[PDB]
Amino acid sequence: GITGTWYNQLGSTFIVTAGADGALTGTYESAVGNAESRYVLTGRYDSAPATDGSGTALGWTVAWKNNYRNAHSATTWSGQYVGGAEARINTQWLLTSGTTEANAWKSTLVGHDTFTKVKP
Amino acid sequence: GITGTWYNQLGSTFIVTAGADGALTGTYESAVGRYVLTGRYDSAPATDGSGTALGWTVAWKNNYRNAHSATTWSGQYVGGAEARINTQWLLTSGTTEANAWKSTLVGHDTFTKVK
Amino acid sequence: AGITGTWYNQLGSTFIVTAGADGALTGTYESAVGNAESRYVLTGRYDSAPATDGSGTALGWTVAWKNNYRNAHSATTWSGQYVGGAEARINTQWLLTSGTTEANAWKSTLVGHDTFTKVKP
Amino acid sequence: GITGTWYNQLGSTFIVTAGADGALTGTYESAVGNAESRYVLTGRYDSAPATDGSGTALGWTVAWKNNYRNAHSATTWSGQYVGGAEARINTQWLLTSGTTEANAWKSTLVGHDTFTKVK
Ligand SMILES: COC(=O)c1cccc(-c2cc3c(=O)[nH]ccc3o2)c1
Ligand SMILES: COC(=O)c1cccc(-c2cc3c(=O)[nH]ccc3o2)c1
Ligand SMILES: COC(=O)c1cccc(-c2cc3c(=O)[nH]ccc3o2)c1
Ligand SMILES: COC(=O)c1cccc(-c2cc3c(=O)[nH]ccc3o2)c1
């Protein structure tokens, strides 16, 4: 299922546990950006997905502060887990930096990450 | 300034505690479409007038309903006399692969401390 | 009344547009933000026969941020709908992609939302 | 290197012309290419891109109305062209439907498309 170690297409490492209560907890390590070492993540997932072949909806957040760096920013990933022979988590993400009001129009980056259990 | 009750432009209510460790926890009640929410925020933001970056997730399942979907809000808290949490959001539904191209809605919500 | 006219967004940008009978949007865009100066060409499309059930009119347009004065090596697309009424409005979300190397492509695209009115706020 | 026919990951086709002035014009259609599936597209691209290895920024719009059907919606693609033997147009898109105000919160889908010169 969702619990395990995942890697995105750029080599980031997503170590997650899906708890009985719909909780996602774990750590995220980024290969890009103002990042170093592991960061805390928390999120939620549908603990009772449909039984018609649909994926499992989920999302999580990382605030880019730890004991070694603070980028004053946070990313959220929204997506779905798709089980099968090669399990996959397909996501789109929003990355918001803290800004002044005058710069808020350019505060948010958008992209897409796909995660598998094998390094790219 | 984050802990407390917040209201968006469409009648939803966002009840949150900002923990000392960077955790966001609380409940969300929606007027469109109570649920658990969790997320994270920058616990040491800049002190130069910049906002505080944050994000959170709600999976739309509780003891009464299940929409097989989840929303993430990404944004910043801005303090002052008219404090705001300004966000953009992504809402992904569980779909088949053939319907995955239309699985994700995008929008924006502004939250205030007064209805 | 209609899409054709001069519009302003919440940040002071000026959107001068003509909606042709064939579904074409043409005109100029002037930005109050970013690496921008003077007017830029825009082109886009809109639904020339919208639903009659109270729904808005879908549309979209693109500006590449190159003119005779500057070139930011970037382009914005706005996707949204025109809502008629006593205070006509075009509500949009936008994507702004800059030309980047492959190593920087992950951070090439900004996202936001602009609301346009025929009265300057 | 933009002018020509491009194919996305899900069986859609477009034939675009990139004009000297920055114009994108053409037709967006399905894999089969029957008339009911063809729509006008228009957009813009950076006609003087950087020469440091960066991609070429561009965008375009299709409103989903033709002489045969009307979905009351429009998609914009925003992205960059990357040349070479394995040329690509890498995009993210927004698809907005005309809605009432009460339904406007759910009017916009988001996704991503990658286009190649080979099916
Ligand atoms: C402005 O960006 C930053 O301040 C920053 C700092 C550290 C890491 C990241 C990062 C990693 C990552 C990823 O793996 N997938 C999607 C987004 C994303 O963003 C961003
Ligand atoms: C398939 O189910 C849904 O799409 C669904 C179900 C229940 C609630 C929501 C909901 C509430 C809400 C909000 O307040 N702000 C931004 C997004 C958003 O989405 C969505
Ligand atoms: C990275 O950004 C740029 O290179 C750049 C250059 C010139 C103008 C803009 C600009 C103006 C504008 C607007 O009015 N609404 C939404 C987006 C937006 O973007 C962006
Ligand atoms: C179903 O209702 C719609 O709004 C509609 C109708 C027809 C075609 C499309 C279409 C094709 C296409 C594509 O190739 N890439 C990204 C988006 C996208 O959207 C959407």
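In chain C, numbers come from Swiss-Prot; the residues present are 39-159, in order.
Every residue gets a Cβ built from N, Cα and C, even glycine.
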Handout entry: Further biotin ligand in Swiss-Prot, beside C:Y78, C:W116, C:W132, C:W144, within candidate set C:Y67, C:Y107
Key = C:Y67
Handout entry: Local Cβ density at C:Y67 (biotin binding site) - other Cβ atoms counted within 10 Å
Key = 22
Practice task
Select from C:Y67, C:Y78, C:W116, C:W132, C:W144 the binding-site residues whose C-beta atom falls under 8 Å of at least one C-beta in chain A, and return them in sequence order or as 'none'.
Solution key: C:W144
Exercise for the section: Sort C:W144 (biotin binding site) into helix, strand or coil using the DSSP assignment. Expected result: helix
Fill in the blank from the handout: Around the Cβ of C:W132 (biotin binding site), other Cβ atoms found within 10 Å total 23
Practice task
Identify which of the binding-site residues C:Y78, C:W116 has its Cβ surrounded by the largest number of other Cβ atoms within 10 Å, counting every protein chain shown.
Solution key: C:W116
Practice task
Just the binding-site residues from C:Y67, C:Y78, C:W116, C:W144 whose C-beta lies under 6 Å from any atom of ligand 3, please, or none if there are none.
Solution key: none
